[PDB]
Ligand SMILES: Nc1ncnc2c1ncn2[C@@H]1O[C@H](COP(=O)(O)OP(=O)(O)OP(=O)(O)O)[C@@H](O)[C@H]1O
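A single chain, nothing else alongside it, follows as structure tokens in the form solved without this ligand.
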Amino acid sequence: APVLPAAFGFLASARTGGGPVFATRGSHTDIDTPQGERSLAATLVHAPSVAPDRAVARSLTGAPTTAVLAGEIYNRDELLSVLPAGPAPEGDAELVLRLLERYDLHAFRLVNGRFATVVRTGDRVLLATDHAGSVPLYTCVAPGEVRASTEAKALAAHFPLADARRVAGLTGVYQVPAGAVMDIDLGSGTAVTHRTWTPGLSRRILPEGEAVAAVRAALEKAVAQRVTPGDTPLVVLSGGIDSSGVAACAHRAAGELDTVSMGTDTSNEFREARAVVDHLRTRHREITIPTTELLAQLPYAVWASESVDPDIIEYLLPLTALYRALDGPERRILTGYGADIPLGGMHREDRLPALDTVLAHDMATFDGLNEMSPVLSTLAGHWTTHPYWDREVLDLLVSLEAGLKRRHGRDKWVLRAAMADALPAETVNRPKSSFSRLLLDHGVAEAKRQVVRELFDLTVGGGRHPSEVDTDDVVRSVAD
């Protein structure tokens, strides 16, 4: 069975004085509160098949301390190597606690993972995200009261924070920045934010051979860290080098591999994916979803991503549909998402300047889009992780000089070359609107924001389940 994180998300609170609803599907467990209202209270959302235990750690080092962690840590061996004594932590929450005892908040500068965590030590509260904030974390801060959650909707049902961004569509709710740690004084309700990672701005030079081998090694490691020892993972397969590169690495680390490809009545990438399916001999499945059913995902996409950006929602529609269409038990899924950002995959010309311009811009503006949120798949009970945005892989891909990304007249060159000896030639060299038409059949060409914002106000700001939101009637009201 596919091992899943000890927890997918949570709603926590720290107070001195005085019904959690999540988009994430799964069980709920409230942790114990030893010292009453002085303890960190919290409700964890997790898979019915996992015990929440590993997601919660307690200690008395420094003062009464409690840590709750959603997600997982990948560079575990590295982290264990810098700790004293011998008895290793039982889970990632305890590992964080051990690191905090040694480096304090600087512990987070060392972590390569996919997590969100809240820690209470005495009357001090720490809120931390992974380097890319791949697991969203939100908070409400006021003198003597701190509430944190992996879903803004859990805080909407209920003092402006500097350095943090206000959740669009909501009031009083802030999103913790990616790659950061907020150090909050419970008493005064004052917070200080420290960034624990930032995109590299310099570029590195390497001969083709070394560069290709470095990318291959990095991807293999990030994928291996993401696959359970003896369990077969599921990879969302597309017709590009992105997902195919991940599949080759997962198949090697696991020995076997399950794959799935989604298509619509408008298009699909089944033929391209089949080449990889047969080359690696994986257990493949094809899912085709009508355009109509695809647009019916609108309410769920905004509900799960908690985004009001139409472009983001439009991109996530096919993904949310696929995850919900998956049949069988809960699964650990790896995807080829985000490879285009650091590699400038959307760059078409051979002139390198524009490639770096767009790359630098993308890397300084990814935070807040929530494109990699686990909720996109956990709403259906599935756990997703993305190798290309692994901290080590990401740093390496970003650092490479543009000539290694656009070389020999091919995009994402270093990646293609890195997987050449593990995939068919066609897959390696293979190069690379309903929603707009829906409204096109109602209003002037001239917009969608109001449509998405409406859904957001109903599902995120309000409190209505997507199944209770008529996607048609919403667009109806948005006529003129």
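Numbering starts at 1 and runs along the sequence shown. For clarity, a rigid core is taken as the largest C-alpha set superposing within 1.5 Å between two forms.
Greater C-alpha displacement in 4 other deposited structures of this protein (rigid core superposition, RMS over structures and residues), of 162-170 versus 139-147: 162-170. Comparing 349-357 with 118-126 in 4 other deposited structures of this protein, after superposition on the rigid core, the stretch with the greater RMS C-alpha deviation is 349-357. The records show that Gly18 is omitted from the coordinate set of at least a third of the other eligible entries of this protein. Counting the deposited residues that fall between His158 and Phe159 and carry no coordinates gives a value of 4 to 9.
Where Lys432 is followed by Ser433 in the displayed chain, the model omits 10 or more of the deposited residues that sit between the two. When 372-380 is weighed against 342-350, 342-350 comes out higher, by mean CA B-factor as recorded in the entry. Mean C-alpha B-factor is higher over 186-194 than over the other stretch, the pair under comparison being 186-194 and 382-390. Annotation for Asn75, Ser134, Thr291, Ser305: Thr291 ranks highest, by Cα B-factor.
The entry lists C-alpha B-factors for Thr228, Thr259, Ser399, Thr121, and the highest of these is at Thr228. Per-chain ranking of the deposited C-alpha B factor places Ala479 in the highest third. The PDB entry assigns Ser436 a C-alpha temperature factor belonging to the highest third of its chain's modelled residues. In this PDB entry, the Cα temperature factor of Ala23 sits in the bottom third of its chain's modelled residues, the lowest group.
The deposited CA B-factor of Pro299 belongs to the highest third of values across its chain.
Sort the modelled residues of the chain by CA B factor and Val452 lands in the highest third.
Beyond what is shown, the protein has a form solved in complex with this ligand; the following relates to that form.
Comparing 186-194, 255-263, 119-127, 213-221 against this ligand in the deposited complex, the single stretch with non-hydrogen atoms within 4.5 angstroms of it is 255-263. Listed residues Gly336, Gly71, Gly91, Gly179 were compared with this ligand in the deposited complex; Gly336 is the one with a heavy atom within 4.5 Å.
A heavy atom within 4.5 Å of this ligand in the deposited complex is found for exactly one of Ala301, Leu137, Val173, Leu237: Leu237. This ligand is not shown here, but in the deposited complex it comes within 4.5 Å of a heavy atom of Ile241. In the deposited complex, this ligand sits beyond 4.5 Å of every heavy atom of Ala156. Although the partner is absent here, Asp395 is not a contact residue: none of its heavy atoms lies within 4.5 angstroms of this ligand in the deposited complex. With a 4.5 Å cutoff on heavy atoms, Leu322 counts as touching this ligand in the deposited complex.
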